[PDB]
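Below is run.tsv, which holds TSV, C-alpha atoms.
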```tsv
chain	number	residue	atom	x	y	z
A	34	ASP	CA	88.48	-288.80	-167.35
A	35	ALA	CA	90.34	-285.49	-167.47
A	36	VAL	CA	91.74	-283.95	-164.31
A	37	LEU	CA	91.08	-280.22	-163.95
A	38	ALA	CA	93.81	-277.60	-163.79
A	39	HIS	CA	93.09	-274.07	-162.57
A	40	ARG	CA	96.81	-273.31	-162.49
A	41	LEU	CA	99.74	-274.02	-164.80
A	42	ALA	CA	101.62	-276.03	-162.16
A	43	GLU	CA	98.61	-278.33	-161.77
A	44	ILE	CA	99.14	-279.53	-165.35
A	45	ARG	CA	102.66	-280.68	-164.46
A	46	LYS	CA	101.61	-282.12	-161.09
A	47	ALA	CA	98.94	-284.21	-162.82
A	48	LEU	CA	101.72	-286.18	-164.57
A	49	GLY	CA	103.63	-286.70	-161.33
A	50	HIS	CA	107.09	-287.54	-162.67
A	51	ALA	CA	108.06	-284.22	-164.24
A	52	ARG	CA	109.70	-281.93	-161.68
A	53	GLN	CA	109.75	-278.16	-162.05
A	54	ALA	CA	113.45	-278.38	-162.95
A	55	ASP	CA	112.68	-281.03	-165.57
A	56	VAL	CA	110.12	-278.88	-167.40
A	57	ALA	CA	112.40	-275.83	-167.29
A	58	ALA	CA	115.31	-277.73	-168.83
A	59	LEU	CA	113.08	-279.23	-171.53
A	60	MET	CA	111.61	-275.80	-172.34
A	61	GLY	CA	115.18	-274.49	-172.45
A	62	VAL	CA	114.60	-271.79	-169.84
A	63	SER	CA	115.79	-271.15	-166.29
A	64	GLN	CA	113.85	-272.73	-163.46
A	65	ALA	CA	113.32	-269.18	-162.18
A	66	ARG	CA	111.37	-268.49	-165.37
A	67	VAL	CA	109.17	-271.57	-164.86
A	68	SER	CA	108.58	-270.68	-161.20
A	69	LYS	CA	107.46	-267.24	-162.40
A	70	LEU	CA	105.12	-268.76	-165.00
A	71	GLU	CA	103.60	-271.16	-162.46
A	72	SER	CA	102.92	-268.35	-159.97
A	73	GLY	CA	100.86	-266.37	-162.47
A	74	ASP	CA	97.24	-266.46	-163.59
A	75	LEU	CA	96.45	-269.06	-166.23
A	76	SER	CA	94.33	-266.41	-167.99
A	77	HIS	CA	97.35	-264.12	-168.44
A	78	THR	CA	99.59	-266.91	-169.77
A	79	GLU	CA	100.55	-266.59	-173.44
A	80	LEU	CA	99.45	-269.35	-175.81
A	81	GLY	CA	102.97	-269.92	-177.12
A	82	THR	CA	104.23	-270.37	-173.56
A	83	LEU	CA	101.43	-272.80	-172.72
A	84	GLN	CA	102.22	-274.76	-175.88
A	85	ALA	CA	105.91	-275.04	-175.00
A	86	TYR	CA	105.10	-276.02	-171.41
A	87	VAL	CA	102.75	-278.80	-172.44
A	88	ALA	CA	105.22	-279.95	-175.13
A	89	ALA	CA	108.00	-280.18	-172.54
A	90	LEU	CA	105.65	-282.42	-170.51
A	91	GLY	CA	105.31	-284.78	-173.48
A	92	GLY	CA	101.81	-283.71	-174.48
A	93	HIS	CA	100.05	-281.51	-177.00
A	94	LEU	CA	97.40	-278.80	-176.85
A	95	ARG	CA	93.88	-279.26	-178.11
A	96	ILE	CA	92.22	-275.86	-178.41
A	97	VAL	CA	88.50	-276.19	-178.90
A	98	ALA	CA	85.65	-273.74	-179.21
A	99	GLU	CA	82.16	-275.06	-178.54
A	100	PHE	CA	79.39	-273.45	-180.57
A	101	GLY	CA	75.98	-274.82	-179.67
A	102	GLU	CA	76.35	-278.58	-179.81
A	103	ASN	CA	79.17	-278.35	-182.36
A	104	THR	CA	82.91	-277.90	-181.65
A	105	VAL	CA	85.52	-276.21	-183.93
A	106	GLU	CA	89.25	-277.02	-183.48
A	107	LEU	CA	91.69	-274.07	-183.71
A	108	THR	CA	94.87	-275.05	-185.63
A	109	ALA	CA	96.94	-271.91	-184.84
B	36	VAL	CA	85.48	-278.40	-187.48
B	37	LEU	CA	89.08	-277.29	-188.13
B	38	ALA	CA	90.26	-273.68	-188.50
B	39	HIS	CA	93.73	-272.34	-189.20
B	40	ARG	CA	92.45	-268.78	-188.64
B	41	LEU	CA	90.22	-267.05	-186.04
B	42	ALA	CA	88.55	-265.17	-188.91
B	43	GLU	CA	87.46	-268.47	-190.52
B	44	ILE	CA	85.62	-269.32	-187.32
B	45	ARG	CA	83.93	-265.91	-187.08
B	46	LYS	CA	82.72	-265.95	-190.69
B	47	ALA	CA	81.26	-269.47	-190.57
B	48	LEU	CA	79.51	-269.21	-187.21
B	49	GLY	CA	77.45	-266.10	-187.78
B	50	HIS	CA	77.64	-262.64	-189.26
B	51	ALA	CA	79.71	-260.72	-186.74
B	52	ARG	CA	82.20	-258.32	-188.31
B	53	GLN	CA	85.48	-257.21	-186.74
B	54	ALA	CA	84.01	-254.04	-185.24
B	55	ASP	CA	81.14	-256.09	-183.79
B	56	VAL	CA	83.59	-258.38	-181.99
B	57	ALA	CA	85.78	-255.47	-180.88
B	58	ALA	CA	82.75	-253.80	-179.29
B	59	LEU	CA	81.71	-257.02	-177.56
B	60	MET	CA	85.23	-257.54	-176.18
B	61	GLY	CA	85.64	-253.88	-175.28
B	62	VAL	CA	88.91	-253.69	-177.21
B	63	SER	CA	90.35	-251.90	-180.24
B	64	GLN	CA	89.54	-253.09	-183.75
B	65	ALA	CA	93.30	-253.05	-184.19
B	66	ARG	CA	93.69	-255.67	-181.47
B	67	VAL	CA	90.96	-257.78	-183.09
B	68	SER	CA	92.66	-257.34	-186.45
B	69	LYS	CA	95.99	-258.48	-185.04
B	70	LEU	CA	94.20	-261.41	-183.41
B	71	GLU	CA	92.76	-262.66	-186.68
B	72	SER	CA	95.80	-261.89	-188.82
B	73	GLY	CA	98.90	-262.15	-186.66
B	74	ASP	CA	100.52	-265.06	-184.88
B	75	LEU	CA	98.79	-266.07	-181.64
B	76	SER	CA	101.98	-267.06	-179.79
B	77	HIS	CA	101.95	-263.97	-177.59
B	78	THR	CA	98.17	-263.88	-177.14
B	79	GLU	CA	96.98	-264.42	-173.56
B	80	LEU	CA	94.55	-267.28	-172.88
B	81	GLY	CA	92.05	-264.82	-171.44
B	82	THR	CA	92.10	-262.79	-174.65
B	83	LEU	CA	91.30	-265.85	-176.74
B	84	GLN	CA	88.60	-266.72	-174.19
B	85	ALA	CA	87.02	-263.28	-174.65
B	86	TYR	CA	87.16	-263.47	-178.43
B	87	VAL	CA	85.44	-266.86	-178.58
B	88	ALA	CA	82.92	-265.68	-175.97
B	89	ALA	CA	82.09	-262.63	-178.10
B	90	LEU	CA	81.33	-265.00	-180.99
B	91	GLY	CA	78.81	-266.71	-178.70
B	92	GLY	CA	80.99	-269.74	-178.08
B	93	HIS	CA	82.85	-271.41	-175.22
B	94	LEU	CA	86.62	-271.90	-175.27
B	95	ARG	CA	88.04	-275.17	-173.99
B	96	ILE	CA	91.72	-275.99	-173.74
B	97	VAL	CA	92.84	-279.54	-173.13
B	98	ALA	CA	96.39	-280.74	-172.51
B	99	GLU	CA	96.48	-284.21	-174.03
B	100	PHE	CA	98.93	-286.70	-172.54
B	101	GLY	CA	98.02	-289.94	-174.31
B	102	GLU	CA	96.06	-292.08	-171.84
B	103	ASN	CA	95.75	-289.08	-169.56
B	104	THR	CA	94.17	-285.68	-170.08
B	105	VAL	CA	94.23	-282.34	-168.28
B	106	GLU	CA	91.54	-279.75	-168.94
B	107	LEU	CA	92.31	-276.13	-168.11
B	108	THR	CA	89.75	-274.06	-166.24
B	109	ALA	CA	89.65	-270.40	-165.16
B	110	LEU	CA	90.61	-269.25	-168.66
B	111	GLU	CA	88.62	-266.04	-168.26
B	112	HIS	CA	90.21	-262.72	-167.28
B	113	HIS	CA	89.11	-260.70	-164.25
```

Any chance you could put this one into structure tokens?
Amino acid sequence: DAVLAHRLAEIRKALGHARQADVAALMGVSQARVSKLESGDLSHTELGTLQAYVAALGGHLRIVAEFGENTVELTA
Amino acid sequence: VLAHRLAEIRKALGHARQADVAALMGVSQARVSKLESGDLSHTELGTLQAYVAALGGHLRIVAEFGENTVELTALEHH
């Protein structure tokens, strides 16, 4: 049962153990950069940035588009 | 069910051409062209949302963490 995230930081908080500093260091950016990212709109977040953020958290992105009762997976 | 390219998706799921999608999104055909050709690393989530929506579909993004899963909402611009 998936938890819902309306904000980038809610993805991290769902895991519990990964602090903001942890994700920054794993992404290889300053914590100031991650604080900036987490204060923004999810809709204006770049896909590459989202990918790196989720990867730093130990996960991977599934990008799906539902068409009718079918679903296509985007591999980009 | 798998697609390396946005264009692949468009062409299999109907008959919309690039100018059709551009009009639906209210963006340049250039932008749509770069979407389907270029690398999506610097593409905003809301832009991808709008593209899939113009094709008549619904974008879902899921962060998969093994036994746990986080689904993103509010992917739409406004």

message = At a cut-off of 6 Å, which residues of chain B touch chain A? Count only C-alpha atoms and give the answer as a ChimeraX atom specification.
response = /B:36-39,76-81,92-100,104-112

Query raised in the report: What's the 6 Å shell around range 69-75 of chain B, counting all atoms listed in the file, without same-chain residues fewer than 3 positions away, as a VMD selection string?
Result: chain B and resid 41 to 42 66 78

- Task: Find the spatial neighbours of residue 65 in chain A, counting all atoms listed in the file, within a cut-off of 10 Å - ignore same-chain residues fewer than 5 positions away - and output them as number ranges by chain.
- Result: A: 53-54, 57, 70-71

Dump as a CSV table (one decimal), in the coordinates of the input, selection limited to C-alpha atoms:
```
chain,number,residue,atom,x,y,z
A,53,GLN,CA,109.8,-278.2,-162.0
A,54,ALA,CA,113.4,-278.4,-163.0
A,57,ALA,CA,112.4,-275.8,-167.3
A,70,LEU,CA,105.1,-268.8,-165.0
A,71,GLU,CA,103.6,-271.2,-162.5
```

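Across the model, the gap from CA of residue 60 in chain B to CA of residue 85 in chain B is 6.2 Å.
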
If you count all atoms listed in the file, the residue of B:51, B:45, B:91, B:86 closest to residue 67 in chain B turns out to be B:86

Self-check item: Between CA of residue 89 in chain B and CA of residue 56 in chain B - distance in Å to one decimal
Solution: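 That distance, rounded to one decimal, is 6.0 Å.
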
A straight line from CA of residue 85 in chain A to CA of residue 60 in chain A spans 6.3 Å

- Task: Skip residue 53 in chain B itself and residues of its chain fewer than 4 positions away, then list as a PyMOL selection string all residues within 8 Å of it, counting all atoms listed in the file.
- Result: chain B and resi 57+64+67-68
